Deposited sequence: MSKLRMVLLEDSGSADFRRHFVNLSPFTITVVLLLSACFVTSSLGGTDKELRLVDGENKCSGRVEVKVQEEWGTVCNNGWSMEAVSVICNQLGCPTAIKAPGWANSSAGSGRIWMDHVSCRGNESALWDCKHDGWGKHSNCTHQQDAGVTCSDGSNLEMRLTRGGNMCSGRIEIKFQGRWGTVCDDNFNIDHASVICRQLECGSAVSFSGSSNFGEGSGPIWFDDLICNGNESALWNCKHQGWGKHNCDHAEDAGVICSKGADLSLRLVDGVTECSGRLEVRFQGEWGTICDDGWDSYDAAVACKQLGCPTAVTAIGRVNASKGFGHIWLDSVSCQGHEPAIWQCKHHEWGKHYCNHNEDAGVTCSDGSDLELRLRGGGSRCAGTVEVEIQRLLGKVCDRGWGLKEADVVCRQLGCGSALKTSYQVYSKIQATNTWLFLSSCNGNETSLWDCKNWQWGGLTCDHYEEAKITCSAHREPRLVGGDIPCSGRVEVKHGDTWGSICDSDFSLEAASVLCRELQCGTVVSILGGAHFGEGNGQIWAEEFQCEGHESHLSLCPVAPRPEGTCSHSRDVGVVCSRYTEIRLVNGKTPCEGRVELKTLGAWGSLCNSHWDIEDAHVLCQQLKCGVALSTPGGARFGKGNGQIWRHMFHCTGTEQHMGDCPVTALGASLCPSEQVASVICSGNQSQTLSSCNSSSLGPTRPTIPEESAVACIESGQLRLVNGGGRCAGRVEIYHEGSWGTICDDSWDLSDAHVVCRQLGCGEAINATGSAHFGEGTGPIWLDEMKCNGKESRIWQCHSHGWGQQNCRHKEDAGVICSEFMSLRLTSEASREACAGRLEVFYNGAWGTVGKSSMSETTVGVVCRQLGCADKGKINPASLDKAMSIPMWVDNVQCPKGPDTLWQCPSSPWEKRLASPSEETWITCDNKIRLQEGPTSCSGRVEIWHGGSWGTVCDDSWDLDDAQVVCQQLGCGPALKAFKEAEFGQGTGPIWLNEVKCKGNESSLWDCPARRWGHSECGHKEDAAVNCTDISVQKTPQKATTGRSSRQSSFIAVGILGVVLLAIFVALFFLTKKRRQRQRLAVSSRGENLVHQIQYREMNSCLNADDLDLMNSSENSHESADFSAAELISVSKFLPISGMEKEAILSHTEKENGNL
């Protein structure tokens, strides 16, 4: 008895044969596992580093079939010392004659071809200088992550490429049984078959790993803004302002974990780069988790100038730390804004915000908020930001934040949080009214948002609604669908609140779902902390020019001109929706209403698009001369 390989590609590849009684026959495919191949290559003079089953390059054999159902365990010195069934005692057709491929691991290569970069394309496997593809047999993302990890390109996203289908065709295929998604190389996947079988009705395997179009923000004053860069494989390049869109920025900031897009800026706003410039039009739908999944139009024949880079500013720009604590997960809150650190007041600081704060720093569910200055009094600037987190947001930048006109507080009233430090630890809104503290009232119950009926809806009910929402007292409890009809269920019909209840559902009502109303009687509230902005002038052709008026506590007022800057007028103009910059103007037209001025000394940081997050002096309702009133004109 003796073994041999025939019509492979080296001395240790191809169809396997055994001589019995003096005649040369083959082994059957059934029962042929990696252990059997290891035993066979141990018997032969071949390396045993990688021992894979399969008939690379081999055609249908010829002769007798002499063995089948080989059940070796890797503890025997020959293929025929195993628990073979019986000599010539079974049937296998000649299309499933056995084969092996054995290597020392020095010439087994994998590469993706036919794509925009090395991490997207059809998978091509080169074994012993023979090049072929991989067939889709359970080829999921779980299988694909092994290949992406082996190549060094992030994690797999989808099984498809885009460009350059001009790939050389071959008739040899690689078959994967099942892999855990846990291995470092596809060669470590259990029982992968090389060649022999052919697969029709089944196409080649496709890959696009995450490192195909990695985005990055390079230079900016605040954490999540700057010039946009994309990595083509191994090389970094900037993006033209022409080939970009709001959806592209949204998916870019979703990939980088920086929240929803708040600003897209043309021109070298953050500085001209030094590198390659791509011309690749992104056509993102907007729901993709990565830029790699974005379909991209092919390159045109034109090229941009380097001074045409595009920049992005996104929501999550809030820098908060804990200081003066025994551990990093306990201490006093300090927030960076406008260029300096400082402590945080606890006028509107509660547990719901501490949860999000300790989820930002990965310290688990918040435990308590010690009062006074238990971890230390303030020794500098005190920021008066009131955070109104619901509690489910993952970062303080997602929460609604108000800093305009905030009221001061003494240094002995600074917030601080102590937290568990264990990572493993883990219901009312206003809509369609504009802003957060005015509009139709909606309540969450039974997994759905519903409305409150108009009947018996008076100002005392809006007191409780806006006390729960943190908007202070109410000014209007409106009905008859003032802000528009809703959609969905109606949860509560009659309100008999005292006006002192802590939350809305402490109120007396007929019971959940006990309603006799329709969607034209939806309830709405307008409250003290409602803010709106406008520009007024007398019968002009343009509306975005004139006197700045802010709405607060139900009354209009003007804004002081002291300490104004270009960025403040810019954010005001953006909020009104007319331009991204503007210029202050003297007291024009020498005529206006004598309404007083509500707030003065407004300072804006980079990143907010709404004036409400610009810190300023506390509210004051005093009369001012037309010299102190602010007039702006936006371009």
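- Unmodelled segments of the deposited chain, in sequence order: 1-263, 690-717, 927-1156.
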